[PDB]
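A structural walkthrough
Now for the letters of each chain:
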Amino acid sequence: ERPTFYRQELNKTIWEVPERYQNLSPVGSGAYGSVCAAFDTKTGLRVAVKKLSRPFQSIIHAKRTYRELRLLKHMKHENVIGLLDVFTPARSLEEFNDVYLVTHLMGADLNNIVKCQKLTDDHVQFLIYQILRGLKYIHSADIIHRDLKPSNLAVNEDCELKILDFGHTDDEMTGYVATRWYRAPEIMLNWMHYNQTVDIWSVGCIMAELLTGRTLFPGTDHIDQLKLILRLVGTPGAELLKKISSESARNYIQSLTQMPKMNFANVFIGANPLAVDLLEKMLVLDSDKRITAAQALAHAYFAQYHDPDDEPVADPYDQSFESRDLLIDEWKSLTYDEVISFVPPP
Ligand SMILES: CS(=O)(=O)c1ccc(Cl)c(-c2n[nH]c3nc(Oc4ccc(F)cc4F)ncc23)c1
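Residues numbered from 1 in each chain as written, not as in the entry; some residues may be left out. Heavy atoms only, no water.

- Per the deposited record, the coordinates in this entry were obtained by X-ray crystallography to a resolution of 2.00 Å.

- The PDB entry annotates the protein chain as Mitogen-activated protein kinase 14 of Homo sapiens.
- The Cofactor field of the UniProt record for the protein chain holds the comment "Mg(2+)". (UniProt positions renumbered as here; feature names shortened; annotations may be inferred.)

Structural data, given as structure tokens:
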């Protein structure tokens, strides 16, 4: 049955939401999108409500809207942001033009927690364990995050973690920016068609930063960052070179003076030797040889948290729509169907 909706001006747009959602207050100051905190009187939950901006203005935007709804509707895991609710004030497909997404309100993002500070090894174990647990779930559905970084890792005061934004312009990847610091080199420099292990590179970067309080590869640009990466992990061998399908990228790589891999125990002084070992297995230049999420969970570093029976995989995720070319109204109808058919979690 259709709830009663009420109207309110918030982020210079009119939010129209069910009565159950009270005390809407904008959060993140633009960083999370058009997002409000609210109290869900039906569940007693503090929630985050995201209103999608002009979701069907173009083919690209319409498909992107469908993509996000599909992704969020699929994710049902403790360490992954899922959907508590999705709604539209529209009574039919013809008046459908706004999409509102509801999830748990989290306390902070990881960036605001690390705050130039070393975390205790125990805190690192727990946070990384949860990230890896969430990624095992995400990867098992053949979904890649592609953009893991502290700012899309949300945490409560109990240190319980959820991953946001799973599934950027040139200007915002330019220069001394956190938007690029956690990216695998193969994706940063378009070496090849990339796979799930790009996310593992990001975890390695995050893990190191939690351990030292410092960005692992704070490159001032793409080239500076590559040099920082290669100084640590060594220049690519012949084997990886072959796999760089971009002739241009491969040619540039070979112009660099060869460097051996550094000793991680000398790089991460004082760190748990098990943490060093895992970092070594995550920060492998050849993505084929990086540890997977499922493998990392079984690493001795997570002994006090690892439970093979409590690390679920995902239902199959049909993403055949990604290779599909459709019109705006067709993407819009597909999205509408997904909104209408939503069933809230117990
Ligand atoms: C205490 S706070 O300032 O309100 C705060 C701080 C940091 C974060 Cl990460 C958050 C936060 N909690 N839950 C979120 N969800 C999103 O994005 C959404 C993702 C899918 C949805 F269905 C709906 C969303 F709003 N963004 C940010 C958040 C809140």
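Having seen the structure, we can now continue with the description.
1. So, the pattern of salt bridges
- This structure, assessed with the given rule, holds 14 salt bridges.
- Two residues, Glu322 and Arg67, come together in a salt bridge whose shortest N-O distance is 2.8 Å.
- The partner of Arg133 in a salt bridge is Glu78, and the shortest N-O contact between them spans 3.1 Å. With a gap of 55 residues between them, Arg133 in helix α3 (residues 121-140) and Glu78 in the loop between α1 (59-74) and β6 (85-87) connect regions that are remote in the sequence.
- For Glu78, a relative accessible area of 56% corresponds to the exposed category.
- Several salt bridges share partner residues, and in doing so they unite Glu78, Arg133 and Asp310 into one network. (Salt bridge = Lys/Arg side-chain N within 4 Å of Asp/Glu carboxyl O. Helix = DSSP H or I, 4+ residues; strand = E, 2+ residues; numbered from the N terminus. Buried < 20%, exposed > 50% of the residue type's maximum accessible area, 1.4 Å probe, protein only.)

2. Some words on the packing of aromatic side chains
- As enumerated under the stated definition, the model contains 16 aromatic pairs in all.
- Taking 5.6 Å as the distance between ring centres and 40° as the angle between the ring planes, the aromatic pair formed by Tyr66 and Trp331 counts as tilted.
- Exposure remark for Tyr66: the relative accessible area of 5% places this residue in the buried category.
- Of the residues examined, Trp331 reaches a relative accessible area of 1% and is grouped as buried.
- Here the aromatic rings of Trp201 and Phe217 are separated by 5.8 Å at their centres, their planes lie at 15°, and the arrangement is stacked. You can see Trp201 sitting in helix α6 (residues 198-212) and its partner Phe217 sitting in the loop between α6 and α7 (222-233), a full 16 residues away along the chain.
- When its relative accessible area of 0% is taken as the criterion, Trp201 is described as buried.
- You can call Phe217 buried: its relative accessible area is 1%.
- Every member of this aromatic cluster is reached through a ring pair, and the members are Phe5, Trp15, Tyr21, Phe87 and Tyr100. (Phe/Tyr/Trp six-rings, centres within 6.5 Å; stacked < 30°, edge-to-face > 60°.)

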